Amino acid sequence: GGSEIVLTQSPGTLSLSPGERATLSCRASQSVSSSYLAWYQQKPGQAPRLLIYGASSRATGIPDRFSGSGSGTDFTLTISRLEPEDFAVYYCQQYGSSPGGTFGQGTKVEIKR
């Protein structure tokens, strides 16, 4: 029952069409350095996959259509052109409070049609 850093992701679900921009938000319960922020993509039945670390650096192999931004208490993940294969839950993490840190509850991205 300790006070942990809490990450609140909004909205809970996004339902968009291919080619549109997806904007995913994360509010932290306290200000956290951008050096500690990560975003992960979890496709159905798969393990998480790292997209962004250090708030804005792309992991190897991840295309530029995925971008991270933000500072302090508010961070964002943007998918510039949404693709059908992006159907997944996206999680935000801060890894500054312990080796593993804490995670948000996720935003489910649904692709229309």
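Numbers for residues come from their place in the sequence shown, where the first is 1.
For the segment pair 73-81 and 58-66, the entry gives 58-66 the higher mean B-factor, averaged over Cα atoms. Once the C-alpha B-factors are averaged per stretch, 12-20 and 94-102 rank with 12-20 first. Among all modelled residues in this chain, the alpha-carbon of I52 has a temperature factor (C-alpha) in the lowest third.
Among all modelled residues in this chain, the alpha-carbon of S35 has a temperature factor (C-alpha) in the highest third. Ranked against the other modelled residues of its chain, the C-alpha B-factor of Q46 as given in the entry falls in the highest third.
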